[PDB]
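Participant: Let me give you the structure first, and then I'll get to my questions.
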Amino acid sequence: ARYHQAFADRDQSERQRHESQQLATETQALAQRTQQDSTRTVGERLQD
Amino acid sequence: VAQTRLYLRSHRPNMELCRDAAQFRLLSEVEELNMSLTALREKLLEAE
Amino acid sequence: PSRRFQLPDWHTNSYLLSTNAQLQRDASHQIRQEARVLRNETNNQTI
Amino acid sequence: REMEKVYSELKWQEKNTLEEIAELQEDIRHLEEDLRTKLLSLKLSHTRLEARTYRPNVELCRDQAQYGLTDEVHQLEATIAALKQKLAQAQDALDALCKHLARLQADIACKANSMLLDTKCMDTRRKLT
Amino acid sequence: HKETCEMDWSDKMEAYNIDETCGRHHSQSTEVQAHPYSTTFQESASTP
């Protein structure tokens, strides 16, 4: 049972690494896209 | 970045200040970054 | 346990942080006083 | 003893950085107000000159005041440019100060964790006596 | 009537200068500072 406890803790840890990696990548892409959209809108409001 | 952009756009004089699509994009950017920040904090707590 | 350090690096890091903070506070003070001088001169000239 | 000495020095530096950041923010606001005042003076000079251009024929003359108004307009433009440059420099300095404050805070937190660990070991070693 | 159009031109020029100052800012830009209350930076405005 103790070996089972250690193995399960390791498995939960590596699952959390995987999930955190996808969350960080998604948030970075989303922030870059929103900043580009804002800059383009500012340029259009300049030209009008 | 978005906070400073809103503060600088707030200084428009007399009639020129307007409810713009740029204003809508900036507000959406601010709230979306806030949501991403909250999720990233809860992931930091789970990692600890 | 890959990452390990040594004793003098800790002291050097603390000394480096203190020195960097002191120099940037001094630079900020200099910039503040130069800006005040510029404001006074420009106001006098415009009036 | 060594670790608590380092912690005390870190706390002192953090306090000084905080007060310096606040004073620099105050000076930045004052510079912005002076920029707005210079802008109002420029508007006044421009409207005075263009209103005085409305003189009728023959009387429309290059008097002594026109050169003074043009020279004043050029001086005000130079003043506006210099004030904008100094405002940018002040904002750069304040951003650098904020980054160093954040680094000092993180190092303070690490030192506090290490103090907690060492005093926990000291509290653990009482059974051996 | 020319003076009325002059006032309109002055307002448009100042909106232009403020919008260029806003559009200069980028991601790794050191002139950007924090400004907390976007609700206070938002003000009642007229439509484009």
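Every number here is computed from the coordinates shown, using simple stated rules; none is lab data. We place every Cβ from the backbone using ideal geometry, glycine too, and count neighbours over all the protein chains shown.
Participant: Any idea how far the Cα center of chain E sits from the one of the stretch A:2-24, in Å?
Facilitator: What the calculation gives is 49 Å, centre to centre.
Participant: In the structure displayed, which of D:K86/E:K12; B:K43/D:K11; D:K15/D:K38; D:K43/E:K12; B:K43/D:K5 lie more than 24 Å apart, Cα to Cα?
Facilitator: With Cα atoms farther than 24 Å apart: D:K86/E:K12; B:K43/D:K11; D:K15/D:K38; B:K43/D:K5.
Participant: List the trypsin sites (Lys or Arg not before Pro) within the stretch D:44-129 that DSSP assigns to loop and that have no more than 13 neighbouring Cβ atoms inside 10 Å.
Facilitator: D:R62, D:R125, D:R126, D:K127
Participant: Still on this model: So how tilted is helix D:64-124 from the main axis of chain D? Cα-based, degrees 0 to 90, rounded to 10.
Facilitator: Relative to chain D, helix D:64-124 is tipped by roughly 10 degrees.
Participant: Listed highest first by mean packing, meaning other Cβ atoms within 10 Å per residue, what order do E:36-45, A:4-13 come in?
Facilitator: E:36-45, A:4-13
Participant: Give me the inter-chain shielding for D:53-62: mean count of other chain Cβ atoms within 10 Å, whole number please.
Facilitator: Average neighbour count from other chains, rounded to a whole number: 0.
Participant: For peptide D:81-89, how many partner chain Cβ atoms fall within 10 Å of a residue's Cβ, on average?
Facilitator: Per-residue shielding by partner chains comes out at 3.
Participant: Enter the mean number of other protein chain beta carbons within 10 Å of the beta carbon of each residue in B:18-31, as an integer.
Facilitator: 5
Participant: Another question about this same structure. Assuming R0 = 56 Å, what is the FRET efficiency of C:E41 and A:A1, from their Cβ-Cβ distance, to the nearest 0.05?
Facilitator: 0.10
Participant: As a test of the formula, what do you get for chain D when each DSSP H run with n ≥ 4 contributes -39,500 (n - 2.57) and the sum is divided by the residue count, at 222 nm and rounded to the nearest 500 deg cm²/dmol?
Facilitator: Computed ellipticity for chain D at 222 nm equals -32500 deg cm²/dmol.
Participant: Moving to a separate point now. For a quick check: sort E:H25, C:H11 by the number of other beta carbons within 10 angstrom, fewest at the front.
Facilitator: Ordered from fewest to most neighbouring Cβ atoms within 10 Å, E:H25, C:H11 come out as C:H11, E:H25.
Participant: Which one, D:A78, D:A65, D:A112, has the greatest fluctuation when you compute a Gaussian network model over chain D with C-alpha springs under 10 angstrom?
Facilitator: D:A65
Participant: Pairing the Cα long axis of helix C:7-46 with the longest principal axis of chain C, what angle in degrees results, from 0 to 90 and rounded to the nearest 10?
Facilitator: 10 degrees
Participant: Could you derive backbone 3J(HN,Hα) for the stretch B:42-48 from the dihedral phi with the Karplus parameters 6.51, -1.76 and 1.60 (θ = phi - 60°), listing whole Hz in sequence and x where the residue is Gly or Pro?
Facilitator: 5, 5, 4, 4, 5, 5, 5
Participant: What is the helix-to-structure angle for E:2-24, meaning the angle in degrees between its Cα long axis and the longest Cα principal axis of chain E, kept from 0 to 90 and rounded to the nearest 10?
Facilitator: 10 degrees
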